[PDB]
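Asks: Take a look at my_file-v7.cif, mmCIF, C-alpha atoms:
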data_final
loop_
_atom_site.group_PDB
_atom_site.id
_atom_site.type_symbol
_atom_site.label_atom_id
_atom_site.label_comp_id
_atom_site.auth_asym_id
_atom_site.auth_seq_id
_atom_site.Cartn_x
_atom_site.Cartn_y
_atom_site.Cartn_z
ATOM 1 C CA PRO X 33 3.355 -49.997 -23.154
ATOM 2 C CA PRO X 34 0.150 -51.319 -21.604
ATOM 3 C CA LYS X 35 -3.030 -49.326 -21.007
ATOM 4 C CA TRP X 36 -3.269 -49.487 -17.212
ATOM 5 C CA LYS X 37 0.391 -48.469 -17.467
ATOM 6 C CA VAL X 38 -0.418 -45.358 -19.531
ATOM 7 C CA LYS X 39 -3.449 -44.326 -17.464
ATOM 8 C CA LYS X 40 -1.322 -44.475 -14.305
ATOM 9 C CA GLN X 41 1.430 -42.471 -16.011
ATOM 10 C CA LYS X 42 -0.964 -39.778 -17.249
ATOM 11 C CA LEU X 43 -2.511 -39.549 -13.774
ATOM 12 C CA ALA X 44 0.941 -39.074 -12.256
ATOM 13 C CA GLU X 45 1.838 -36.313 -14.705
ATOM 14 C CA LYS X 46 -1.450 -34.547 -13.957
ATOM 15 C CA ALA X 47 -0.730 -34.836 -10.236
ATOM 16 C CA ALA X 48 2.739 -33.392 -10.825
ATOM 17 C CA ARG X 49 1.510 -30.276 -12.645
ATOM 18 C CA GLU X 50 -1.096 -29.753 -9.935
ATOM 19 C CA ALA X 51 1.485 -30.162 -7.176
ATOM 20 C CA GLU X 52 3.925 -27.913 -9.020
ATOM 21 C CA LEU X 53 1.389 -25.142 -9.504
ATOM 22 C CA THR X 54 0.332 -25.351 -5.858
ATOM 23 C CA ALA X 55 4.029 -25.094 -5.053
ATOM 24 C CA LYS X 56 4.691 -21.875 -6.931
ATOM 25 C CA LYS X 57 1.543 -20.237 -5.563
ATOM 26 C CA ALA X 58 2.692 -21.080 -2.036
ATOM 27 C CA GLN X 59 6.067 -19.583 -2.966
ATOM 28 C CA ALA X 60 4.449 -16.449 -4.373
ATOM 29 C CA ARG X 61 2.438 -16.204 -1.156
ATOM 30 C CA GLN X 62 5.509 -16.231 1.081
ATOM 31 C CA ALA X 63 7.321 -13.693 -1.123
ATOM 32 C CA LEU X 64 4.288 -11.403 -1.157
ATOM 33 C CA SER X 65 4.099 -11.425 2.629
ATOM 34 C CA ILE X 66 6.497 -8.504 3.157
ATOM 35 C CA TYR X 67 4.570 -6.324 0.658
ATOM 36 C CA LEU X 68 1.311 -6.731 2.607
ATOM 37 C CA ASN X 69 2.548 -5.387 5.962
ATOM 38 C CA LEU X 70 0.740 -2.073 5.500
ATOM 39 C CA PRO X 71 -2.976 -1.492 4.777
ATOM 40 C CA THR X 72 -3.979 -0.903 1.150
ATOM 41 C CA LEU X 73 -4.348 2.701 -0.035
ATOM 42 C CA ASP X 74 -8.148 2.331 -0.222
ATOM 43 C CA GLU X 75 -8.164 0.993 3.327
ATOM 44 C CA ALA X 76 -5.922 3.831 4.526
ATOM 45 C CA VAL X 77 -8.093 6.492 2.914
ATOM 46 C CA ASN X 78 -11.186 4.941 4.461
ATOM 47 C CA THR X 79 -9.479 4.999 7.853
ATOM 48 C CA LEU X 80 -8.791 8.733 7.818
ATOM 49 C CA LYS X 81 -11.330 10.351 5.474
ATOM 50 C CA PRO X 82 -14.425 9.960 7.728
ATOM 51 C CA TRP X 83 -12.729 11.892 10.539
ATOM 52 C CA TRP X 84 -10.629 14.391 8.570
ATOM 53 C CA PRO X 85 -12.356 14.903 5.183
ATOM 54 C CA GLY X 86 -10.363 18.100 4.662
ATOM 55 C CA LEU X 87 -7.308 15.944 4.092
ATOM 56 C CA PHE X 88 -8.871 14.512 0.937
ATOM 57 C CA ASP X 89 -9.946 15.774 -2.464
ATOM 58 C CA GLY X 90 -12.546 13.138 -3.268
ATOM 59 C CA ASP X 91 -10.681 9.873 -2.711
ATOM 60 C CA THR X 92 -7.314 11.545 -3.340
ATOM 61 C CA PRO X 93 -5.077 12.262 -0.329
ATOM 62 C CA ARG X 94 -3.771 15.839 -0.144
ATOM 63 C CA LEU X 95 -0.132 16.405 0.848
ATOM 64 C CA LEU X 96 -0.082 16.382 4.680
ATOM 65 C CA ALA X 97 0.982 19.217 6.994
ATOM 66 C CA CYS X 98 4.254 18.454 8.752
ATOM 67 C CA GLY X 99 3.626 17.048 12.258
ATOM 68 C CA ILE X 100 -0.062 16.513 11.565
ATOM 69 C CA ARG X 101 -0.103 13.077 13.252
ATOM 70 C CA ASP X 102 0.180 14.786 16.636
ATOM 71 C CA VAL X 103 -2.908 16.911 15.810
ATOM 72 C CA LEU X 104 -4.873 13.879 14.614
ATOM 73 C CA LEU X 105 -4.024 12.009 17.862
ATOM 74 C CA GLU X 106 -5.348 14.928 19.922
ATOM 75 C CA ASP X 107 -8.538 15.014 17.847
ATOM 76 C CA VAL X 108 -9.084 11.223 18.145
ATOM 77 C CA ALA X 109 -9.200 11.462 21.958
ATOM 78 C CA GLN X 110 -11.343 14.645 22.073
ATOM 79 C CA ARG X 111 -13.859 13.018 19.711
ATOM 80 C CA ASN X 112 -13.427 9.525 21.208
ATOM 81 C CA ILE X 113 -12.745 8.165 17.718
ATOM 82 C CA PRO X 114 -12.096 4.390 17.598
ATOM 83 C CA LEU X 115 -8.581 4.590 16.152
ATOM 84 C CA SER X 116 -5.317 3.495 17.755
ATOM 85 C CA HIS X 117 -2.000 5.276 17.318
ATOM 86 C CA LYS X 118 -0.721 2.212 15.504
ATOM 87 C CA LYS X 119 -3.567 2.029 12.972
ATOM 88 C CA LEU X 120 -3.345 5.794 12.413
ATOM 89 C CA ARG X 121 0.404 5.549 11.813
ATOM 90 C CA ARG X 122 -0.020 2.614 9.396
ATOM 91 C CA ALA X 123 -2.743 4.329 7.349
ATOM 92 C CA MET X 124 -0.640 7.500 7.067
ATOM 93 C CA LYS X 125 2.351 5.441 5.878
ATOM 94 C CA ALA X 126 0.261 3.696 3.220
ATOM 95 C CA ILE X 127 -0.846 7.137 2.008
ATOM 96 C CA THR X 128 2.542 8.885 1.945
ATOM 97 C CA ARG X 129 4.135 5.941 0.153
ATOM 98 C CA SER X 130 1.520 5.732 -2.602
ATOM 99 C CA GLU X 131 2.592 6.656 -6.141
ATOM 100 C CA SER X 132 -0.034 9.386 -6.409
ATOM 101 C CA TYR X 133 1.088 11.111 -3.197
ATOM 102 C CA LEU X 134 4.769 10.941 -4.232
ATOM 103 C CA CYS X 135 3.945 12.275 -7.725
ATOM 104 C CA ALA X 136 2.203 15.251 -6.070
ATOM 105 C CA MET X 137 5.379 16.221 -4.186
ATOM 106 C CA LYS X 138 6.656 18.884 -6.586
ATOM 107 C CA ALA X 139 8.480 22.080 -5.545
ATOM 108 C CA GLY X 140 5.972 24.753 -4.599
ATOM 109 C CA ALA X 141 3.104 22.292 -3.965
ATOM 110 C CA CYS X 142 1.012 22.806 -0.812
ATOM 111 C CA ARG X 143 0.755 20.731 2.348
ATOM 112 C CA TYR X 144 -2.631 21.040 4.177
ATOM 113 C CA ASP X 145 -3.908 20.638 7.745
ATOM 114 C CA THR X 146 -7.373 19.295 8.618
ATOM 115 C CA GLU X 147 -9.077 22.696 8.373
ATOM 116 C CA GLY X 148 -7.846 23.217 4.812
ATOM 117 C CA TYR X 149 -5.061 25.701 5.650
ATOM 118 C CA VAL X 150 -1.785 25.505 3.668
ATOM 119 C CA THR X 151 0.926 24.910 6.262
ATOM 120 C CA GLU X 152 4.051 24.537 4.098
ATOM 121 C CA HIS X 153 5.183 24.446 0.480
ATOM 122 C CA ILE X 154 7.152 21.418 -0.813
ATOM 123 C CA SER X 155 10.887 22.203 -1.154
ATOM 124 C CA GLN X 156 13.319 21.287 -3.928
ATOM 125 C CA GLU X 157 14.884 18.790 -1.497
ATOM 126 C CA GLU X 158 11.531 17.122 -0.813
ATOM 127 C CA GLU X 159 10.845 16.945 -4.555
ATOM 128 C CA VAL X 160 14.195 15.144 -5.153
ATOM 129 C CA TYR X 161 13.421 12.829 -2.246
ATOM 130 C CA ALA X 162 9.955 12.046 -3.629
ATOM 131 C CA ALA X 163 11.170 11.308 -7.163
ATOM 132 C CA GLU X 164 13.679 8.797 -5.783
ATOM 133 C CA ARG X 165 11.180 7.089 -3.434
ATOM 134 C CA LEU X 166 8.734 6.883 -6.359
ATOM 135 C CA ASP X 167 11.418 5.091 -8.361
ATOM 136 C CA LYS X 168 11.656 2.354 -5.733
ATOM 137 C CA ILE X 169 7.911 2.243 -4.865
ATOM 138 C CA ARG X 170 7.050 1.518 -8.513
ATOM 139 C CA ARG X 171 9.516 -1.363 -8.588
ATOM 140 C CA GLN X 172 7.982 -2.776 -5.440
ATOM 141 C CA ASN X 173 4.555 -2.334 -6.938
ATOM 142 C CA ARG X 174 5.451 -4.183 -10.124
ATOM 143 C CA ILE X 175 6.868 -7.044 -8.073
ATOM 144 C CA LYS X 176 3.746 -7.431 -5.958
ATOM 145 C CA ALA X 177 1.425 -7.164 -8.991
ATOM 146 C CA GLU X 178 3.339 -10.000 -10.686
ATOM 147 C CA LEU X 179 3.243 -12.131 -7.558
ATOM 148 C CA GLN X 180 -0.470 -11.453 -7.142
ATOM 149 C CA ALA X 181 -1.079 -12.582 -10.729
ATOM 150 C CA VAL X 182 0.564 -15.914 -9.899
ATOM 151 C CA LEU X 183 -2.069 -16.304 -7.190
ATOM 152 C CA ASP X 184 -5.089 -15.254 -9.544
#
Please rewrite the model in this file as structure tokens.
Replies:
Amino acid sequence: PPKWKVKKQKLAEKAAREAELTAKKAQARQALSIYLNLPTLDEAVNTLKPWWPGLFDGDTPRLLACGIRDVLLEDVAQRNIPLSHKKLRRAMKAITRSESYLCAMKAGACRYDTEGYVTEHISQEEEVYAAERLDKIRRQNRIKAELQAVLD
């Protein structure tokens, strides 16, 4: 058909693609929301490592002594460390739910306290638990990686 007619059509198509794309990114954003409720592993490690370096081998979190949160809370107040119970709790969750931490939970593996003492050994029941959580965590991770790529 005419030229002004074609130029207006091509401009509409271009606007469509650009509105469509912006639409799926907004959708990916909303879907990703639930997967970003906890701090990232790097953020979690950086929250705890400065105060309790014994809990880390380099940047890698060691398996944590049972009930250690209560000890960390006590230490935060004695040292007047700027860290709320909530932020402590969230960083610990990000760590114990990471693939690396879950992979380390094998029968006979050691849990450590802040001074480097072994407090418990991982049981067969904890190993079964970890393998199953790992199965779901990886699925969640693949979903958020895909969604993030939509955004990138």
Asks: Which distance in Å separates CA of residue 184 (chain X) and CA of residue 57 (chain X), to one decimal?
Replies: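 Between CA of residue 184 (chain X) and CA of residue 57 (chain X) the gap works out to 9.2 Å.
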Asks: Care to translate the PyMOL selection byres ((chain X and resi 156) around 12) into actual residues of this file, as a list in words?
Replies: residues 137, 138, 139, 140, 141, 153, 154, 155, 157, 158, 159, 160, 161, 162 and 163 of chain X
Asks: Would you list the contacts of region 67-75 of chain X as a ChimeraX atom specification, taking every protein, DNA or RNA residue within 8 Å and counting only C-alpha atoms, but skipping same-chain residues closer than 4 positions in sequence?
Replies: /X:79,122-123,125-127,130,172,176
Asks: Give me the result of the PyMOL selection byres ((chain X and resi 63) around 12) on this file, residue by residue, as a short mmCIF file (atom, residue, chain, number, x, y, z; two decimals) with C-alpha atoms, in the frame of the given file.
Replies:
data_model
loop_
_atom_site.label_atom_id
_atom_site.label_comp_id
_atom_site.auth_asym_id
_atom_site.auth_seq_id
_atom_site.Cartn_x
_atom_site.Cartn_y
_atom_site.Cartn_z
CA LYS X 56 4.69 -21.88 -6.93
CA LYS X 57 1.54 -20.24 -5.56
CA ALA X 58 2.69 -21.08 -2.04
CA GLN X 59 6.07 -19.58 -2.97
CA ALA X 60 4.45 -16.45 -4.37
CA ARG X 61 2.44 -16.20 -1.16
CA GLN X 62 5.51 -16.23 1.08
CA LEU X 64 4.29 -11.40 -1.16
CA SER X 65 4.10 -11.42 2.63
CA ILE X 66 6.50 -8.50 3.16
CA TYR X 67 4.57 -6.32 0.66
CA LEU X 68 1.31 -6.73 2.61
CA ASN X 69 2.55 -5.39 5.96
CA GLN X 172 7.98 -2.78 -5.44
CA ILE X 175 6.87 -7.04 -8.07
CA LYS X 176 3.75 -7.43 -5.96
CA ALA X 177 1.42 -7.16 -8.99
CA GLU X 178 3.34 -10.00 -10.69
CA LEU X 179 3.24 -12.13 -7.56
CA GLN X 180 -0.47 -11.45 -7.14
CA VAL X 182 0.56 -15.91 -9.90
CA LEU X 183 -2.07 -16.30 -7.19
#
Asks: Just checking: using only C-alpha atoms, which residue out of X:33, X:136, X:98, X:92 ends up closest to residue 151 (chain X)?
Replies: X:98
Asks: Between CA of residue 118 (chain X) and CA of residue 105 (chain X), what is the distance in Å, rounded to a tenth?
Replies: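 Those two atoms sit 10.6 Å apart.
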Asks: Could you tell me, as a VMD selection string, exactly which residues end up selected when the PyMOL selection byres ((chain X and resi 87) around 7) is applied to this structure?
Replies: chain X and resid 84 to 86 88 93 to 94 144 to 146
Asks: Tell me which residues come within 10 Å of (-14.4, 8.6, 10.7), as number ranges by chain, counting only C-alpha atoms in the file's coordinates.
Replies: X: 78-85, 108, 113-115
Asks: Mind giving me the straight-line distance from CA of residue 170 (chain X) to CA of residue 91 (chain X) in Å, one decimal?
Replies: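 About the pair CA of residue 170 (chain X) and CA of residue 91 (chain X): they are 20.4 Å apart.
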Asks: Kindly reconstruct region 160-182 of chain X with N, CA and C atoms and present the result as a compact mmCIF listing (two decimals), in the coordinates of the input.
Replies:
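Here's the written file part.txt:
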# COMPACT_ATOMS: atom_id res chain seq x y z
N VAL X 160 13.14 16.10 -4.76
CA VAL X 160 14.20 15.14 -5.15
C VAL X 160 13.98 13.84 -4.38
N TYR X 161 13.69 13.98 -3.10
CA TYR X 161 13.42 12.83 -2.25
C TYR X 161 12.24 12.02 -2.80
N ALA X 162 11.16 12.71 -3.14
CA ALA X 162 9.96 12.05 -3.63
C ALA X 162 10.16 11.30 -4.94
N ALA X 163 10.89 11.91 -5.86
CA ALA X 163 11.17 11.31 -7.16
C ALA X 163 11.94 10.00 -6.94
N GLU X 164 12.91 10.02 -6.04
CA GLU X 164 13.68 8.80 -5.78
C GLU X 164 12.85 7.71 -5.08
N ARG X 165 12.01 8.08 -4.12
CA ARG X 165 11.18 7.09 -3.43
C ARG X 165 10.21 6.48 -4.46
N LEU X 166 9.67 7.32 -5.33
CA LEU X 166 8.73 6.88 -6.36
C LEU X 166 9.38 5.82 -7.25
N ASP X 167 10.67 6.02 -7.54
CA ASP X 167 11.42 5.09 -8.36
C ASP X 167 11.43 3.70 -7.73
N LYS X 168 11.63 3.64 -6.42
CA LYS X 168 11.66 2.35 -5.73
C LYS X 168 10.24 1.80 -5.48
N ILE X 169 9.29 2.66 -5.13
CA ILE X 169 7.91 2.24 -4.86
C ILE X 169 7.33 1.57 -6.12
N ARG X 170 7.59 2.13 -7.30
CA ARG X 170 7.05 1.52 -8.51
C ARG X 170 7.63 0.13 -8.74
N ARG X 171 8.91 -0.05 -8.42
CA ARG X 171 9.52 -1.36 -8.59
C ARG X 171 8.84 -2.34 -7.65
N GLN X 172 8.63 -1.91 -6.41
CA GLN X 172 7.98 -2.78 -5.44
C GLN X 172 6.58 -3.10 -5.92
N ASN X 173 5.90 -2.11 -6.47
CA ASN X 173 4.56 -2.33 -6.94
C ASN X 173 4.50 -3.33 -8.08
N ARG X 174 5.45 -3.26 -9.00
CA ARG X 174 5.45 -4.18 -10.12
C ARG X 174 5.73 -5.61 -9.66
N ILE X 175 6.56 -5.74 -8.63
CA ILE X 175 6.87 -7.04 -8.07
C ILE X 175 5.62 -7.63 -7.40
N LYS X 176 4.90 -6.85 -6.61
CA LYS X 176 3.75 -7.43 -5.96
C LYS X 176 2.57 -7.71 -6.90
N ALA X 177 2.47 -6.95 -7.99
CA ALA X 177 1.42 -7.16 -8.99
C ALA X 177 1.69 -8.50 -9.69
N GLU X 178 2.96 -8.75 -10.02
CA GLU X 178 3.34 -10.00 -10.69
C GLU X 178 3.07 -11.18 -9.78
N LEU X 179 3.46 -11.06 -8.52
CA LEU X 179 3.24 -12.13 -7.56
C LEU X 179 1.75 -12.39 -7.36
N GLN X 180 0.97 -11.32 -7.33
CA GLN X 180 -0.47 -11.45 -7.14
C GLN X 180 -1.07 -12.20 -8.33
N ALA X 181 -0.58 -11.91 -9.53
CA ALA X 181 -1.08 -12.58 -10.73
C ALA X 181 -0.84 -14.09 -10.64
N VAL X 182 0.28 -14.49 -10.04
CA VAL X 182 0.56 -15.91 -9.90
C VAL X 182 -0.58 -16.53 -9.10
